[PDB]
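Take a look at the structure below.
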Amino acid sequence: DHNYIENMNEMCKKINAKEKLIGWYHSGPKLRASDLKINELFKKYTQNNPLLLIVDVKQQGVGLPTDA
Amino acid sequence: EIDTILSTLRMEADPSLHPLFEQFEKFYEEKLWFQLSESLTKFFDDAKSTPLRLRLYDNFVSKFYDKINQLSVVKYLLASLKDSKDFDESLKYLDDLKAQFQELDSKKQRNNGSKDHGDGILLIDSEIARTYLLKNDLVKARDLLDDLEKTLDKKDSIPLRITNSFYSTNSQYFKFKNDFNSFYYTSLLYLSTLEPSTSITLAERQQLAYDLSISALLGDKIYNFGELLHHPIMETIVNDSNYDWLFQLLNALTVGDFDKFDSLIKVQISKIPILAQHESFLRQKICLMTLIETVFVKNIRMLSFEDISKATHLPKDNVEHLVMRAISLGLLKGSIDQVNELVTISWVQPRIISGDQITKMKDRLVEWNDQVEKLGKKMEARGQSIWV
Amino acid sequence: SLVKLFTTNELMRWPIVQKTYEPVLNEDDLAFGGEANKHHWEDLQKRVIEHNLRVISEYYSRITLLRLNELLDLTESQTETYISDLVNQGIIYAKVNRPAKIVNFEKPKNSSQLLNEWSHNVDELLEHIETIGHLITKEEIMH
């Protein structure tokens, strides 16, 4: 819901201006080729390169369960 | 008015090329701007050979441009001046088109709401640069390319056709100055990214393939043969006359056999005037290649000179000097001991990837993997009780 | 062509370089064409040989003295004078076996120095393999 991401951003810029849109997290478990498409939609918002933070919430990783 | 131009074109055209002409008149009328572009596109691709292009293009580019994609407008102009052997003509038509795009965007941007027109800008300038290189006004060309490069980096991404056209112009300038290494390196980038346009034909592969092969033969550091094969240029065609002798030089290098290499080159020295005068380079190149390869495959990282003497098929006096030069370039690094007549390397360039060499990689990491295993189990047992 | 030869580490054979530019630039005006400057072409010898000498210390840790006289193209008594000069100036550091058998280019090592290079080798390996593993992961999904 594209509109919602705009709206929420508006609120939080008022709370603290240092926060800006910087991309999107995925919960994994794994990266996909659909996440490429998804990236593209966030690219429009973002004036940086959108950061894809793969947080595995399950934490099956022996070390870091988070890749950037 | 326009119809009179269409009739002239049809009379000179072949019956087989009649239906392309007849499609332009009807589709324009029908205001199908999709088919207006499609019919046209087919025409410029191959009927650019014929002079048919002069009358149809220039008129259509100067009249009914607004309708079709801008990209499609500049693509035809490109085709017309390919075959054009006049530079006054070339320079004129470009300056004129540029002015037209500038106007066009005032309306079009709002109308569609979104529609790029910066595509056409860059391509125009790329064409203009090139015009100056062939005219051998090299200095003008240099600064236009530089400017394009800066502009381009502000954009995150451009079309395949845009970076293929930047690259093409740059590669032309480099072979003009006979900067062989830079010609070849920029030519690689060109192949990978190549226009989906089918202007590139088998004859255009061959033309490009003689220069690419010459630059790398006379080198002493170019070892991108594996990338070359896999690229369209040599992929589809190997079985022409240019690729009979020239490809055999190429093979002869790869197998590292100097006896064959010698045989071919003597014949090629009369026939080819580039190879006549660059004899010294051709022999140096083959020497460095066998040498860098022989040390690589061995897990031993020192080999005596005398064995290298055999490998390169040159006396031992000449091998010592060659190895001094290998360090200078930085293709190999190491130290030189003449108190045992050894070369002890500490650094070796990555060789090209081949099925055979991979197989060696697979062994090495299997082998190490057994040490790790053996050790961790022994280390577990000793001091079993303390691991708090 | 001249200037770029002398910067590059390629071996520069003295009477070959001398000969090639001899009928052109020795006769070229004031710098080499002057009466005093005729002797600035001869002095050019020292200059050439000392750049090669510098490069070769680097490359050869051990070379026979006999061989080194040939490459620089000099009299043997002279070359040795010139090895001493550059070691004195501390440009290079060398150890000379006087009968002329071996000339050994030796810069000071210590135990610590050698071990410090090795300590890095170990660490650099472990980092490389780590990075590769994430890149294996990437390619699996892309296929």
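Identifiers in this document derive from the order of the structure tokens: chains are assigned A, B, ..., residues are numbered from 1 separately in each chain, and ligands are numbered from 1 in order of occurrence.
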
* Counting only C-alpha atoms, which residues of chain C come no farther than 10 Å from chain B, as a list in words? -> residues 8, 9, 10, 11, 55, 56, 58, 59, 60, 61, 62, 63, 64, 67, 71, 101, 102 and 104 of chain C

If you keep C-alpha atoms, can you produce a file of those selected residues as a JSON list (two decimals), in the first residue's frame?
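Produced file again-v2.json, reproduced below:
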[["chain", "number", "residue", "atom", "x", "y", "z"],
["C", 8, "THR", "CA", 61.14, 2.57, -16.36],
["C", 9, "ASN", "CA", 62.95, -0.26, -14.67],
["C", 10, "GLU", "CA", 63.74, -2.04, -17.92],
["C", 11, "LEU", "CA", 67.56, -2.73, -18.23],
["C", 55, "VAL", "CA", 66.45, -1.48, -9.82],
["C", 56, "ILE", "CA", 68.52, -4.72, -9.82],
["C", 58, "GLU", "CA", 65.54, -4.76, -5.58],
["C", 59, "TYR", "CA", 64.95, -7.60, -7.93],
["C", 60, "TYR", "CA", 67.95, -9.79, -7.34],
["C", 61, "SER", "CA", 68.52, -10.69, -3.78],
["C", 62, "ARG", "CA", 71.57, -12.59, -4.98],
["C", 63, "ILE", "CA", 73.56, -12.08, -8.20],
["C", 64, "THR", "CA", 77.20, -13.04, -9.07],
["C", 67, "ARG", "CA", 77.36, -11.13, -14.21],
["C", 71, "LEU", "CA", 74.66, -5.96, -17.82],
["C", 101, "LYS", "CA", 82.26, -13.82, -6.77],
["C", 102, "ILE", "CA", 78.96, -12.70, -5.25],
["C", 104, "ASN", "CA", 74.44, -9.86, -2.17]]

Could you produce a table of the residues of chain A lying within 12 Å of chain B, with the nearest pair of atoms per residue and their separation in Å rounded to one decimal, using only C-alpha atoms, ordered by chain and increasing residue number, as a tab-separated table?
residue	atom	partner	partner_atom	distance
A:43	CA	B:156	CA	10.9
A:44	CA	B:156	CA	11.9
A:47	CA	B:156	CA	11.3
A:48	CA	B:156	CA	10.9
A:49	CA	B:156	CA	9.7

Create the file for the chosen residues now, containing N, CA and C atoms and written as a short mmCIF file (atom, residue, chain, number, x, y, z; two decimals), in the first residue's frame.
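Written output follows (part-v1.cif):
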data_model
loop_
_atom_site.label_atom_id
_atom_site.label_comp_id
_atom_site.auth_asym_id
_atom_site.auth_seq_id
_atom_site.Cartn_x
_atom_site.Cartn_y
_atom_site.Cartn_z
N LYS A 43 12.81 2.23 -4.93
CA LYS A 43 13.94 3.03 -5.34
C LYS A 43 13.51 4.44 -5.60
N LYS A 44 12.22 4.57 -5.92
CA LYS A 44 11.58 5.74 -6.32
C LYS A 44 11.55 6.61 -5.13
N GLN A 47 16.26 8.58 -1.89
CA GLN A 47 17.22 9.37 -2.59
C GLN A 47 18.59 8.80 -2.36
N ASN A 48 18.68 7.63 -1.67
CA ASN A 48 19.89 6.87 -1.54
C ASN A 48 19.59 5.65 -2.34
N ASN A 49 20.54 4.73 -2.48
CA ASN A 49 20.34 3.40 -2.91
C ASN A 49 19.55 2.68 -1.81
#

Can you check which residues of chain C have any atom within 10 Å of chain A? Use only C-alpha atoms and format it as a CSV table (one decimal) with C-alpha atoms, in the first residue's frame.
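Just written: iface-v6.csv:
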chain,number,residue,atom,x,y,z
C,134,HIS,CA,28.3,-14.8,1.1
C,137,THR,CA,25.0,-17.7,-1.3
C,138,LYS,CA,24.1,-14.8,-3.7
C,140,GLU,CA,22.5,-19.8,-5.7
C,141,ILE,CA,19.4,-17.6,-5.5
C,142,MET,CA,20.3,-15.8,-8.9
C,143,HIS,CA,20.4,-19.3,-10.6

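Within 10 Å of range 35-44 of chain C, once only C-alpha atoms are used and residues closer than 6 positions along the same chain are dropped, the contacting residues are residues 14, 18, 22, 25, 26, 27 and 29 of chain C.
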
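Proximity to residue 232 in chain B at 12 Å, evaluated using only C-alpha atoms and with sequence-adjacent residues fewer than 4 positions away removed, yields residues 188, 190, 191, 192, 193, 194, 200, 201, 202, 204, 205, 206, 208, 209, 227, 228, 236, 237 and 238 of chain B.
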
* Asked: Got a sec: who's within 10 Å of residue 101 in chain B, counting only C-alpha atoms, leaving out chain neighbours fewer than 3 positions off, as a PyMOL selection string?
  -> chain B and resi 65-66+70+96-98+104-106+117-118+120-121

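Residues in contact with residue 277 in chain B at 12 Å, where only C-alpha atoms are counted and same-chain residues fewer than 4 positions away are skipped, are listed as residues 218, 265, 266, 268, 269, 270, 271, 272, 273, 281 and 282 of chain B.
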
* Per DSSP on the backbone, filter chain A down to the residues in alpha helix (DSSP H) and report them as an MDAnalysis selection string. => chainID A and resid 2:15 34:45

For the selection just defined, write its residues with C-alpha atoms to a file, as a PDB file, in the first residue's frame.
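again03.pdb written:
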ATOM      1  CA  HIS A   2       2.182   2.689  -1.556  1.00  0.00           C
ATOM      2  CA  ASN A   3       0.295   5.667  -0.144  1.00  0.00           C
ATOM      3  CA  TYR A   4       0.782   4.430   3.437  1.00  0.00           C
ATOM      4  CA  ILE A   5       4.636   4.529   3.263  1.00  0.00           C
ATOM      5  CA  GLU A   6       4.438   8.212   2.243  1.00  0.00           C
ATOM      6  CA  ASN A   7       2.052   9.079   5.076  1.00  0.00           C
ATOM      7  CA  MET A   8       3.958   7.376   7.834  1.00  0.00           C
ATOM      8  CA  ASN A   9       7.077   8.954   6.678  1.00  0.00           C
ATOM      9  CA  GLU A  10       5.418  12.366   6.990  1.00  0.00           C
ATOM     10  CA  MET A  11       4.582  11.692  10.690  1.00  0.00           C
ATOM     11  CA  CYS A  12       8.047  10.547  11.646  1.00  0.00           C
ATOM     12  CA  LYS A  13       9.807  13.397   9.986  1.00  0.00           C
ATOM     13  CA  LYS A  14       7.832  15.576  12.414  1.00  0.00           C
ATOM     14  CA  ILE A  15       8.906  13.424  15.386  1.00  0.00           C
ATOM     15  CA  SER A  34      11.071 -10.974  -6.454  1.00  0.00           C
ATOM     16  CA  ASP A  35      12.970  -8.878  -3.985  1.00  0.00           C
ATOM     17  CA  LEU A  36      14.536  -7.259  -7.059  1.00  0.00           C
ATOM     18  CA  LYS A  37      11.181  -5.916  -8.198  1.00  0.00           C
ATOM     19  CA  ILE A  38      10.302  -4.857  -4.729  1.00  0.00           C
ATOM     20  CA  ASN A  39      13.602  -3.008  -4.616  1.00  0.00           C
ATOM     21  CA  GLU A  40      12.655  -1.074  -7.670  1.00  0.00           C
ATOM     22  CA  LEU A  41       9.448   0.311  -6.052  1.00  0.00           C
ATOM     23  CA  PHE A  42      11.380   1.483  -2.987  1.00  0.00           C
ATOM     24  CA  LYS A  43      13.940   3.034  -5.342  1.00  0.00           C
ATOM     25  CA  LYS A  44      11.576   5.744  -6.320  1.00  0.00           C
ATOM     26  CA  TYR A  45      11.073   6.827  -2.710  1.00  0.00           C
TER      27      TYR A  45
END

* Asked: Excluding same-chain residues fewer than 3 positions from range 78-92 of chain C, what lies within 12 Å of it counting only C-alpha atoms, as a count of residues only?
  -> 39

* Identify, with DSSP run on backbone atoms, the residues in range 39-100 of chain C assigned to strand (DSSP E or B), and express the list as a VMD selection string. => chain C and resid 60 to 63 94 to 96

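From CA of residue 79 in chain B back to CA of residue 44 in chain B, the distance works out to 6.4 Å.
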
* To do: Record the distance separating CA of residue 50 in chain B and CA of residue 82 in chain B, expressed in Å with one decimal.
  => 11.7 Å

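Note that CA of residue 263 in chain B and CA of residue 276 in chain B are 14.3 Å apart.
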